[PDB]
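As stored in input.txt (compact mmCIF, C-alpha atoms and all ligand atoms):
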```txt
# COMPACT_ATOMS: atom_id res chain seq x y z
CA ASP K 7 3.10 10.58 7.24
CA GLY K 8 -0.66 10.52 6.74
CA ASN K 9 -0.78 13.04 3.82
CA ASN K 10 -0.63 9.67 2.12
CA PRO K 11 2.82 8.57 1.03
CA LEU K 12 1.10 5.78 -0.93
CA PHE K 13 0.43 8.44 -3.53
CA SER K 14 3.90 9.90 -3.86
CA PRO K 15 5.57 8.75 -7.13
CA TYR K 16 8.18 5.97 -7.23
CA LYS K 17 10.74 4.85 -9.79
CA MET K 18 10.77 1.08 -10.01
CA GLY K 19 13.75 0.79 -12.29
CA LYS K 20 12.64 2.10 -15.67
CA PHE K 21 8.94 2.16 -14.78
CA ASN K 22 7.84 5.47 -13.32
CA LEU K 23 4.94 4.65 -11.03
CA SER K 24 2.34 7.20 -9.96
CA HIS K 25 1.46 5.52 -6.68
CA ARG K 26 2.51 2.63 -4.50
CA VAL K 27 -0.60 0.40 -4.29
CA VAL K 28 0.25 -2.78 -6.15
CA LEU K 29 -2.06 -5.58 -7.33
CA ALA K 30 -0.71 -8.69 -5.62
CA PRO K 31 -0.37 -11.92 -7.67
CA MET K 32 -3.54 -13.99 -7.09
CA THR K 33 -4.69 -17.31 -8.56
CA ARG K 34 -8.43 -17.01 -9.47
CA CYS K 35 -8.81 -20.06 -11.80
CA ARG K 36 -10.78 -18.41 -14.63
CA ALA K 37 -8.19 -19.17 -17.38
CA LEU K 38 -10.01 -22.26 -18.66
CA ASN K 39 -7.71 -25.05 -19.98
CA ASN K 40 -4.72 -22.84 -19.12
CA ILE K 41 -5.64 -20.29 -21.78
CA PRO K 42 -5.99 -16.69 -20.67
CA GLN K 43 -9.67 -15.78 -21.21
CA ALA K 44 -11.31 -12.42 -22.09
CA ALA K 45 -12.58 -12.41 -18.50
CA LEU K 46 -8.94 -11.92 -17.41
CA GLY K 47 -8.75 -8.85 -19.60
CA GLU K 48 -11.90 -7.47 -17.97
CA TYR K 49 -10.67 -8.31 -14.47
CA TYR K 50 -7.19 -6.76 -14.80
CA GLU K 51 -8.52 -3.76 -16.71
CA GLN K 52 -10.99 -2.92 -13.95
CA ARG K 53 -8.10 -2.86 -11.44
CA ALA K 54 -5.56 -1.08 -13.65
CA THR K 55 -4.75 2.61 -13.09
CA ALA K 56 -2.63 5.23 -14.80
CA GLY K 57 0.85 4.54 -13.44
CA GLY K 58 -0.29 1.63 -11.27
CA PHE K 59 1.59 -1.66 -11.07
CA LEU K 60 -0.15 -4.98 -11.48
CA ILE K 61 1.27 -8.46 -10.96
CA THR K 62 -0.65 -11.34 -12.55
CA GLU K 63 -1.90 -14.52 -10.95
CA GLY K 64 0.62 -17.37 -11.01
CA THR K 65 1.27 -18.55 -14.57
CA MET K 66 2.56 -21.99 -15.71
CA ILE K 67 6.12 -22.31 -17.17
CA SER K 68 5.56 -25.88 -18.43
CA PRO K 69 3.00 -28.73 -18.74
CA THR K 70 4.16 -30.05 -15.38
CA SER K 71 4.04 -26.82 -13.40
CA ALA K 72 0.37 -26.59 -12.34
CA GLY K 73 -1.34 -27.44 -9.10
CA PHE K 74 -4.61 -25.61 -9.47
CA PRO K 75 -7.35 -25.95 -12.01
CA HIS K 76 -7.56 -23.51 -14.98
CA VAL K 77 -4.50 -21.44 -14.14
CA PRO K 78 -3.01 -19.65 -17.12
CA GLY K 79 0.26 -20.69 -18.71
CA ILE K 80 2.72 -18.85 -20.90
CA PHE K 81 4.71 -21.67 -22.44
CA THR K 82 2.77 -22.03 -25.70
CA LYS K 83 2.23 -19.81 -28.75
CA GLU K 84 -1.53 -19.89 -28.14
CA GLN K 85 -1.16 -18.60 -24.55
CA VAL K 86 1.18 -15.77 -25.52
CA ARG K 87 -1.31 -14.66 -28.19
CA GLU K 88 -4.13 -14.57 -25.63
CA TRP K 89 -2.03 -12.87 -22.92
CA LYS K 90 -1.19 -10.16 -25.44
CA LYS K 91 -4.79 -8.90 -25.77
CA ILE K 92 -4.96 -8.71 -21.98
CA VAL K 93 -1.66 -6.80 -21.72
CA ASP K 94 -2.78 -4.33 -24.41
CA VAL K 95 -6.00 -3.63 -22.48
CA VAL K 96 -4.08 -2.91 -19.24
CA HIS K 97 -1.45 -0.84 -21.07
CA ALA K 98 -4.28 1.25 -22.55
CA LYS K 99 -5.12 2.28 -19.00
CA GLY K 100 -1.51 3.25 -18.48
CA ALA K 101 -0.61 0.53 -16.02
CA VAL K 102 2.61 -1.45 -15.68
CA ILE K 103 2.11 -5.25 -15.55
CA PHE K 104 4.36 -8.21 -14.66
CA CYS K 105 3.48 -11.88 -15.23
CA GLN K 106 4.28 -14.19 -12.29
CA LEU K 107 6.03 -17.38 -13.31
CA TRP K 108 4.87 -20.18 -11.03
CA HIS K 109 5.84 -23.85 -10.60
CA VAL K 110 4.04 -25.69 -7.76
CA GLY K 111 6.52 -28.51 -7.46
CA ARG K 112 5.10 -31.15 -5.10
CA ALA K 113 1.97 -29.12 -4.38
CA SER K 114 0.04 -30.80 -7.22
CA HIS K 115 -1.93 -34.00 -7.98
CA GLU K 116 -2.02 -36.56 -10.78
CA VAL K 117 -5.14 -34.82 -12.16
CA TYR K 118 -3.00 -31.75 -12.90
CA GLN K 119 -0.09 -33.65 -14.44
CA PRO K 120 0.33 -34.89 -18.01
CA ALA K 121 -0.44 -38.62 -18.12
CA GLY K 122 -1.19 -38.53 -14.37
CA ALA K 123 2.55 -38.54 -13.65
CA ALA K 124 3.74 -37.68 -10.19
CA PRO K 125 4.67 -34.02 -9.46
CA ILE K 126 8.35 -33.07 -9.16
CA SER K 127 10.21 -31.63 -6.17
CA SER K 128 13.66 -31.48 -4.50
CA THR K 129 12.38 -34.28 -2.32
CA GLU K 130 10.32 -37.47 -2.33
CA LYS K 131 8.52 -36.22 0.75
CA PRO K 132 4.84 -35.40 0.28
CA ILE K 133 3.08 -32.43 1.86
CA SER K 134 1.46 -33.80 5.08
CA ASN K 135 -2.20 -34.81 5.40
CA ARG K 136 -2.87 -31.63 7.36
CA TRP K 137 -3.07 -29.87 3.94
CA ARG K 138 -5.52 -30.69 1.09
CA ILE K 139 -5.50 -29.89 -2.63
CA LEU K 140 -8.40 -28.13 -4.37
CA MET K 141 -9.67 -30.50 -7.10
CA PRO K 142 -11.18 -29.76 -10.57
CA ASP K 143 -14.62 -30.68 -9.20
CA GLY K 144 -14.46 -28.28 -6.27
CA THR K 145 -13.73 -30.93 -3.68
CA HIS K 146 -10.36 -31.49 -2.12
CA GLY K 147 -7.86 -34.28 -2.40
CA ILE K 148 -4.57 -35.69 -1.15
CA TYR K 149 -1.15 -34.38 -2.19
CA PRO K 150 0.79 -37.37 -3.62
CA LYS K 151 4.40 -38.46 -3.14
CA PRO K 152 6.55 -36.26 -5.43
CA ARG K 153 9.51 -37.36 -7.56
CA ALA K 154 12.87 -35.94 -6.44
CA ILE K 155 14.52 -34.45 -9.51
CA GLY K 156 18.20 -34.81 -10.36
CA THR K 157 20.48 -31.95 -11.35
CA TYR K 158 20.06 -32.32 -15.12
CA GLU K 159 16.29 -31.96 -14.69
CA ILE K 160 16.87 -29.03 -12.33
CA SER K 161 18.64 -27.32 -15.26
CA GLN K 162 15.70 -28.10 -17.57
CA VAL K 163 13.22 -26.48 -15.19
CA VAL K 164 15.55 -23.46 -15.14
CA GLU K 165 15.29 -23.32 -18.93
CA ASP K 166 11.47 -23.55 -18.61
CA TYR K 167 11.64 -20.36 -16.52
CA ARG K 168 13.94 -18.66 -19.08
CA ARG K 169 11.73 -19.49 -22.06
CA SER K 170 8.62 -18.41 -20.14
CA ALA K 171 10.26 -15.05 -19.35
CA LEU K 172 10.98 -14.60 -23.05
CA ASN K 173 7.38 -15.55 -23.88
CA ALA K 174 6.14 -12.93 -21.33
CA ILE K 175 8.11 -10.13 -23.05
CA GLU K 176 6.82 -11.40 -26.41
CA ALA K 177 3.27 -10.95 -25.08
CA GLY K 178 4.14 -7.39 -24.13
CA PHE K 179 4.54 -7.78 -20.35
CA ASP K 180 6.77 -5.15 -18.78
CA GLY K 181 8.47 -7.86 -16.84
CA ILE K 182 8.06 -11.05 -14.84
CA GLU K 183 8.10 -11.98 -11.18
CA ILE K 184 9.60 -15.23 -9.89
CA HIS K 185 7.27 -17.06 -7.54
CA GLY K 186 9.79 -18.43 -5.00
CA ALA K 187 7.29 -18.46 -2.18
CA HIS K 188 4.53 -20.17 -0.29
CA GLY K 189 5.96 -23.70 -0.35
CA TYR K 190 5.99 -24.13 -4.11
CA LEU K 191 8.87 -25.57 -6.19
CA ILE K 192 11.51 -22.93 -5.34
CA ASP K 193 10.49 -22.79 -1.66
CA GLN K 194 10.78 -26.63 -1.66
CA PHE K 195 14.48 -26.13 -2.41
CA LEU K 196 14.96 -23.12 -0.01
CA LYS K 197 13.22 -24.47 3.11
CA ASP K 198 15.27 -26.94 5.18
CA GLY K 199 12.00 -28.33 6.42
CA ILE K 200 11.44 -29.75 2.91
CA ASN K 201 14.87 -29.88 1.21
CA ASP K 202 16.37 -33.09 2.56
CA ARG K 203 18.94 -33.42 -0.26
CA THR K 204 22.51 -34.68 0.01
CA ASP K 205 23.81 -33.18 -3.29
CA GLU K 206 25.05 -29.67 -4.19
CA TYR K 207 21.46 -28.36 -3.94
CA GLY K 208 20.87 -29.31 -0.35
CA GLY K 209 22.27 -29.03 3.14
CA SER K 210 23.86 -25.64 3.69
CA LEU K 211 22.22 -22.28 3.05
CA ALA K 212 24.46 -21.83 0.00
CA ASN K 213 23.31 -25.10 -1.55
CA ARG K 214 19.64 -24.53 -0.73
CA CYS K 215 19.81 -21.09 -2.39
CA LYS K 216 21.38 -22.55 -5.54
CA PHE K 217 18.08 -23.24 -7.32
CA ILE K 218 16.58 -19.77 -6.82
CA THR K 219 19.92 -18.15 -7.79
CA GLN K 220 20.12 -20.10 -11.07
CA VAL K 221 16.47 -19.34 -11.80
CA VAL K 222 16.86 -15.59 -11.26
CA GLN K 223 20.16 -15.47 -13.13
CA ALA K 224 18.71 -17.22 -16.19
CA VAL K 225 15.72 -14.90 -16.44
CA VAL K 226 17.90 -11.80 -15.77
CA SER K 227 20.24 -12.93 -18.56
CA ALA K 228 17.30 -13.36 -20.94
CA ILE K 229 15.28 -10.18 -20.41
CA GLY K 230 17.29 -7.85 -18.21
CA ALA K 231 17.51 -7.54 -14.45
CA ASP K 232 15.32 -4.43 -14.47
CA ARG K 233 12.38 -6.53 -15.66
CA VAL K 234 12.64 -9.27 -13.00
CA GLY K 235 10.89 -9.27 -9.62
CA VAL K 236 11.54 -12.00 -7.03
CA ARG K 237 9.10 -13.06 -4.37
CA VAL K 238 9.81 -15.24 -1.34
CA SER K 239 8.36 -15.96 2.11
CA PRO K 240 10.91 -17.51 4.52
CA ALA K 241 8.60 -17.11 7.51
CA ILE K 242 5.39 -18.58 6.00
CA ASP K 243 4.92 -22.31 6.71
CA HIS K 244 2.18 -23.06 4.13
CA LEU K 245 2.22 -26.63 2.65
CA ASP K 246 4.83 -27.57 5.25
CA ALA K 247 7.27 -24.97 4.00
CA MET K 248 9.08 -24.42 7.32
CA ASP K 249 12.69 -23.50 8.04
CA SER K 250 14.69 -23.72 11.27
CA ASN K 251 15.82 -20.17 10.89
CA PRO K 252 13.47 -18.04 8.78
CA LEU K 253 15.51 -14.88 9.07
CA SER K 254 18.86 -16.60 8.24
CA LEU K 255 17.25 -18.04 5.12
CA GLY K 256 15.80 -14.71 4.10
CA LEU K 257 19.14 -12.93 4.47
CA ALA K 258 21.00 -15.68 2.52
CA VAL K 259 18.56 -15.18 -0.37
CA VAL K 260 18.98 -11.37 -0.34
CA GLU K 261 22.76 -11.94 -0.36
CA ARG K 262 22.46 -13.98 -3.59
CA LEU K 263 20.19 -11.35 -5.13
CA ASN K 264 22.62 -8.52 -4.28
CA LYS K 265 25.36 -10.64 -5.94
CA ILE K 266 23.32 -11.23 -9.07
CA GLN K 267 22.78 -7.46 -9.33
CA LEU K 268 26.49 -6.69 -8.87
CA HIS K 269 27.65 -9.22 -11.45
CA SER K 270 25.05 -8.03 -13.97
CA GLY K 271 25.67 -4.34 -13.42
CA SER K 272 21.97 -3.75 -12.93
CA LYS K 273 19.31 -3.91 -10.29
CA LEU K 274 16.33 -6.25 -10.28
CA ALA K 275 12.88 -4.64 -10.47
CA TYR K 276 12.34 -5.50 -6.78
CA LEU K 277 12.24 -8.04 -3.94
CA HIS K 278 8.62 -8.77 -2.94
CA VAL K 279 8.15 -10.49 0.46
CA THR K 280 5.02 -12.01 2.02
CA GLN K 281 4.46 -11.61 5.76
CA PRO K 282 2.59 -14.10 8.08
CA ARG K 283 0.37 -12.00 10.45
CA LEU K 295 1.70 -8.35 20.03
CA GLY K 296 5.00 -10.20 20.23
CA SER K 297 4.40 -12.09 16.99
CA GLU K 298 3.60 -9.05 14.85
CA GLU K 299 6.59 -7.02 16.11
CA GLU K 300 8.89 -9.93 15.41
CA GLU K 301 7.58 -10.33 11.83
CA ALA K 302 7.88 -6.58 11.41
CA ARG K 303 11.54 -6.87 12.51
CA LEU K 304 12.18 -9.68 10.03
CA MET K 305 10.59 -7.72 7.11
CA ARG K 306 12.55 -4.53 7.89
CA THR K 307 15.80 -6.52 8.19
CA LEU K 308 15.48 -8.24 4.84
CA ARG K 309 14.56 -4.77 3.44
CA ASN K 310 17.60 -3.06 4.99
CA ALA K 311 19.75 -5.84 3.54
CA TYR K 312 18.44 -5.68 0.00
CA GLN K 313 20.06 -3.17 -2.36
CA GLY K 314 16.90 -2.37 -4.27
CA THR K 315 13.14 -1.83 -4.31
CA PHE K 316 11.19 -3.67 -1.65
CA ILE K 317 7.49 -4.68 -1.91
CA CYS K 318 5.84 -5.81 1.35
CA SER K 319 2.67 -7.95 1.30
CA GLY K 320 0.45 -9.92 3.65
CA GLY K 321 -2.43 -8.54 5.72
CA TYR K 322 -1.93 -4.92 4.70
CA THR K 323 -4.73 -2.34 5.09
CA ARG K 324 -4.81 1.33 4.14
CA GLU K 325 -3.36 2.27 7.55
CA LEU K 326 -0.62 -0.41 7.53
CA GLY K 327 0.36 0.40 3.96
CA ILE K 328 0.59 4.13 4.69
CA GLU K 329 2.76 3.41 7.73
CA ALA K 330 5.20 1.06 5.96
CA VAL K 331 5.92 3.65 3.28
CA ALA K 332 6.06 6.58 5.68
CA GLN K 333 8.47 4.70 7.94
CA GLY K 334 10.69 3.56 5.05
CA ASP K 335 9.85 -0.11 5.69
CA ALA K 336 8.97 -0.62 2.01
CA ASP K 337 8.69 1.37 -1.23
CA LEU K 338 5.58 -0.41 -2.55
CA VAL K 339 2.64 -2.23 -0.85
CA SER K 340 0.75 -5.09 -2.57
CA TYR K 341 -2.86 -5.89 -1.77
CA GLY K 342 -4.46 -9.32 -2.24
CA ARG K 343 -7.98 -10.08 -0.96
CA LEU K 344 -9.15 -6.46 -0.69
CA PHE K 345 -8.14 -6.16 -4.34
CA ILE K 346 -10.38 -9.14 -5.14
CA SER K 347 -13.50 -7.22 -3.97
CA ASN K 348 -12.56 -3.60 -4.69
CA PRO K 349 -11.80 -3.11 -8.41
CA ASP K 350 -10.98 0.51 -7.64
CA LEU K 351 -9.03 -0.24 -4.46
CA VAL K 352 -6.43 2.36 -5.42
CA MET K 353 -9.09 5.10 -5.63
CA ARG K 354 -10.67 3.96 -2.36
CA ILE K 355 -7.39 4.00 -0.46
CA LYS K 356 -6.88 7.46 -1.93
CA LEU K 357 -10.23 8.80 -0.72
CA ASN K 358 -10.37 6.60 2.37
CA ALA K 359 -13.70 5.43 1.00
CA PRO K 360 -15.30 2.24 2.52
CA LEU K 361 -14.14 -1.14 1.19
CA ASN K 362 -16.29 -4.02 -0.15
CA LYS K 363 -16.11 -7.42 1.57
CA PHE K 364 -14.71 -10.35 -0.41
CA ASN K 365 -16.30 -13.79 -0.87
CA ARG K 366 -13.84 -16.61 -0.27
CA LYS K 367 -16.35 -19.03 -1.81
CA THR K 368 -15.80 -17.59 -5.26
CA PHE K 369 -11.98 -17.22 -5.08
CA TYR K 370 -11.23 -20.25 -7.28
CA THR K 371 -14.53 -20.88 -9.10
CA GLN K 372 -14.62 -20.77 -12.92
CA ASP K 373 -17.34 -18.25 -13.75
CA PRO K 374 -16.12 -15.32 -15.93
CA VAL K 375 -18.15 -12.78 -13.91
CA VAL K 376 -19.59 -14.15 -10.66
CA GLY K 377 -17.23 -13.22 -7.81
CA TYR K 378 -14.70 -12.13 -10.42
CA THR K 379 -15.64 -8.94 -12.25
CA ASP K 380 -18.96 -8.26 -10.64
CA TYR K 381 -17.68 -6.65 -7.43
CA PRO K 382 -18.86 -3.01 -7.65
CA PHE K 383 -16.90 0.21 -8.07
CA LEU K 384 -17.64 3.10 -5.73
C1 LIG K 401 -7.38 -16.17 -3.80
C2 LIG K 401 -5.87 -15.97 -3.65
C3 LIG K 401 -4.98 -16.36 -4.64
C4 LIG K 401 -3.52 -16.14 -4.51
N1 LIG K 401 -2.67 -16.50 -5.53
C5 LIG K 401 -1.33 -16.25 -5.41
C6 LIG K 401 -0.39 -16.56 -6.49
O1 LIG K 401 -0.75 -17.07 -7.56
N2 LIG K 401 0.93 -16.25 -6.26
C7 LIG K 401 1.45 -15.64 -5.06
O2 LIG K 401 2.60 -15.42 -5.00
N3 LIG K 401 0.57 -15.35 -4.05
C8 LIG K 401 -0.73 -15.61 -4.19
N4 LIG K 401 -1.63 -15.26 -3.16
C9 LIG K 401 -1.08 -14.60 -1.95
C10 LIG K 401 -1.26 -13.13 -2.25
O3 LIG K 401 -0.47 -12.68 -3.34
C11 LIG K 401 -0.93 -12.09 -1.17
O4 LIG K 401 0.42 -12.25 -0.65
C12 LIG K 401 -1.92 -12.09 -0.02
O5 LIG K 401 -3.30 -12.02 -0.60
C13 LIG K 401 -1.65 -10.82 0.78
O6 LIG K 401 -2.50 -10.58 1.93
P1 LIG K 401 -3.86 -9.77 1.71
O7 LIG K 401 -4.84 -10.70 1.12
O8 LIG K 401 -4.30 -9.33 3.14
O9 LIG K 401 -3.59 -8.55 0.85
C14 LIG K 401 -3.05 -15.48 -3.27
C15 LIG K 401 -4.00 -15.12 -2.29
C16 LIG K 401 -5.36 -15.32 -2.41
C17 LIG K 401 -6.22 -14.84 -1.28
```
Taking this structure as input, can you express it in the form of structure tokens?
Ligand SMILES: Cc1cc2nc3c(=O)[nH]c(=O)nc-3n(C[C@H](O)[C@H](O)[C@H](O)COP(=O)(O)O)c2cc1C
Amino acid sequence: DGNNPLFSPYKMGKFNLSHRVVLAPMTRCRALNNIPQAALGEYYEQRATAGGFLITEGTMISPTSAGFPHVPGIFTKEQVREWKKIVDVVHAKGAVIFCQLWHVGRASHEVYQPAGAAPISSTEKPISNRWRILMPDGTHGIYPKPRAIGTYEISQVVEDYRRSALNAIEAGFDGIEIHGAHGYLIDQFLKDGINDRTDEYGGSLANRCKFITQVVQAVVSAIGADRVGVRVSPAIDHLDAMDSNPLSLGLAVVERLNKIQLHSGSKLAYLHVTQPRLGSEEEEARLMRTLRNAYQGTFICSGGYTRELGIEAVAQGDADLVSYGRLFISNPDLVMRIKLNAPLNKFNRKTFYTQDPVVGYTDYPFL
């Protein structure tokens, strides 16, 4: 229970992991002009451990997929070449690493789009004015009205995902994770609070799950199920990503994932789910455990976890792996700290998305 189950081995498909503390995917904006920089190598290397699993910050699948400044991409030859040197560094420490493929959909701005074109989405509805977009100059801005894409374009975006997954393997990544969370493109199709479509991609749960299903199937077909992770967050309302029945949505997605696994004859690397964060906590805990019990595979829980909460989830069978975000920003050796129950360093939100290669990036101290 407390003899630390976070340090009992785990087999995530073909990757034998030595412990269960996972580096959660986090955008840090140091990949200037969408090219992975040496700084990324330094950052990931510091956090890498023998038999530890790291998931990269969101990575672009096309010229139209970004919504933050200086986020890396993996759709060009130049980017793959640069990602490679970073993957080699991490592999030299004996870690397993997945690249997260991210498309922001409507959560963008003309400044992030080629020729200042409008961002794409399942809908023409813009994120509300209650949310603001971080701008290249550090200020914020307004999310514009997106362009609702048709089905032919939906299939092209799917191909963008498939080619990116192939580029990730080319770079040496052990696998990829599909970012189908936090109100981004995929969540814009999943969430009935956003998806107001009248075609075969909207309305019913089946139609709203069509886009994520086709995305996962394409990448599974291209690199193997065992090298694909899927991340979603039905109960997180970020960027107006709300649904009338969070749990029903979550279970419909798991159902499609179990079906993709059955038809392929292989299991996905995992299902990674982000929790919101008492009557509210218990409820979210019930939701998490139910999507876990429903998924025939490895489950990674994330969102507000501490050493204590991570230990508990694994001990109680609520998850097989626990991903850490913010605490991993400020504790390069978070795994070692959790192991020794050594004190943790605070993190500085101010430098989460700044562009300096070191300041608030790789200069947080080790124990
Ligand atoms: C600075 C920052 C950047 C993030 N970038 C991403 C991202 O690119 N993709 C994603 O799926 N989640 C992203 N997240 C959400 C985290 O992966 C994770 O779910 C969250 O940090 C978990 O809670 P914790 O911070 O208490 O560990 C980000 C979070 C932070 C704080």
Q) Any idea what's packed within 7 Å of stretch 253-257 of chain K, counting only C-alpha atoms, ignoring anything in its chain fewer than 3 positions away? Could you give it as a list in words? A) residues 211, 240, 260, 261, 304 and 308 of chain K
Q.
Around ligand LIG 401 (chain K), out to 7 Å and counting all atoms listed in the file, which residues are there? I want them as a PyMOL selection string.
A. chain K and resi 30-34+63-64+185+187-188+237+280+319-322+340-344+369-370
Q: Enter the distance from atom CA of residue K:232 to atom CA of residue K:21, in Å, rounded to one decimal.
A: 9.2 Å
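Across the model, the gap from atom CA of residue K:101 to atom CA of residue K:276 is 17.0 Å.
Across the model, the gap from atom CA of residue K:209 to atom CA of residue K:251 is 13.4 Å.
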Q: Would you kindly return, as a PyMOL selection string, each protein, DNA or RNA residue with an atom no farther than 7 Å from any atom of residue K:214, considering all atoms listed in the file and excluding same-chain residues fewer than 4 positions away?
A: chain K and resi 195-196+207-210
Q: Excluding residue K:96 and any residue of its chain fewer than 4 positions from it, enumerate the residues within 8 Å of it, using only C-alpha atoms, and give them as a PyMOL selection string.
A: chain K and resi 47+50-51+54+92+100-103
Q) For residue K:53, which residue among K:139, K:28, K:117, K:37 is the nearest when counting all atoms listed in the file? A) K:28
Q. Of the residues K:365, K:11, K:180, K:144, which is the one nearest to residue K:345, using all atoms listed in the file?
A. K:365
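Nearest residue to residue K:125, choosing from K:98, K:353, K:154, K:107 and counting all atoms listed in the file: K:154.
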**Q.** Residue contacts of residue K:36 (10 Å, all atoms listed in the file) excluding same-chain residues fewer than 6 positions away, as an MDAnalysis selection string
**A.** chainID K and resid 42:46 75:78 369:375 378
(Q) Could you check the closest approach to residue K:252 for each of K:24, K:265, K:220, K:198 and tell me which residue wins, using only C-alpha atoms? (A) K:198
Would you write out, as a Markdown table, a table of all residues in stretch 49-162 of chain K that have an atom no more than 10 Å from an atom of stretch 243-246 of chain K, listing for each the closest atom pair and the distance in Å to one decimal, considering all atoms listed in the file and ordering rows by chain and rising residue number?
```
| residue | atom | partner | partner_atom | distance |
| --- | --- | --- | --- | --- |
| K:112 | CA | K:245 | CA | 9.4 |
| K:113 | CA | K:245 | CA | 7.5 |
| K:132 | CA | K:246 | CA | 9.3 |
| K:133 | CA | K:245 | CA | 5.9 |
| K:134 | CA | K:246 | CA | 7.1 |
| K:135 | CA | K:245 | CA | 9.7 |
| K:136 | CA | K:245 | CA | 8.5 |
| K:137 | CA | K:245 | CA | 6.3 |
| K:138 | CA | K:245 | CA | 8.9 |
| K:139 | CA | K:245 | CA | 9.9 |
| K:149 | CA | K:245 | CA | 9.7 |
```
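Closest approach to residue K:88 among K:121, K:72, K:174, K:248 is made by K:174 (distances from only C-alpha atoms).
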Q: Tell me, as an MDAnalysis selection string, which residues lie within 9 Å of residue K:10, counting only C-alpha atoms; anything in the same chain fewer than 6 positions away does not count.
A: chainID K and resid 328 331:332 356
(16.3, -6.1, 1.3) in this file's frame - what residues fall within 12 Å of it? Use only C-alpha atoms and give the answer as a short mmCIF file (atom, residue, chain, number, x, y, z; two decimals) with C-alpha atoms, keeping the file's coordinate frame.
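result.cif written:
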```cif
data_model
loop_
_atom_site.label_atom_id
_atom_site.label_comp_id
_atom_site.auth_asym_id
_atom_site.auth_seq_id
_atom_site.Cartn_x
_atom_site.Cartn_y
_atom_site.Cartn_z
CA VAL K 236 11.54 -12.00 -7.03
CA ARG K 237 9.10 -13.06 -4.37
CA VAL K 238 9.81 -15.24 -1.34
CA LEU K 253 15.51 -14.88 9.07
CA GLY K 256 15.80 -14.71 4.10
CA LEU K 257 19.14 -12.93 4.47
CA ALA K 258 21.00 -15.68 2.52
CA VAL K 259 18.56 -15.18 -0.37
CA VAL K 260 18.98 -11.37 -0.34
CA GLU K 261 22.76 -11.94 -0.36
CA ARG K 262 22.46 -13.98 -3.59
CA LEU K 263 20.19 -11.35 -5.13
CA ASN K 264 22.62 -8.52 -4.28
CA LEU K 274 16.33 -6.25 -10.28
CA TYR K 276 12.34 -5.50 -6.78
CA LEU K 277 12.24 -8.04 -3.94
CA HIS K 278 8.62 -8.77 -2.94
CA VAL K 279 8.15 -10.49 0.46
CA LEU K 304 12.18 -9.68 10.03
CA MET K 305 10.59 -7.72 7.11
CA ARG K 306 12.55 -4.53 7.89
CA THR K 307 15.80 -6.52 8.19
CA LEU K 308 15.48 -8.24 4.84
CA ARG K 309 14.56 -4.77 3.44
CA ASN K 310 17.60 -3.06 4.99
CA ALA K 311 19.75 -5.84 3.54
CA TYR K 312 18.44 -5.68 0.00
CA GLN K 313 20.06 -3.17 -2.36
CA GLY K 314 16.90 -2.37 -4.27
CA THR K 315 13.14 -1.83 -4.31
CA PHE K 316 11.19 -3.67 -1.65
CA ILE K 317 7.49 -4.68 -1.91
CA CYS K 318 5.84 -5.81 1.35
CA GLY K 334 10.69 3.56 5.05
CA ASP K 335 9.85 -0.11 5.69
CA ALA K 336 8.97 -0.62 2.01
CA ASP K 337 8.69 1.37 -1.23
#
```
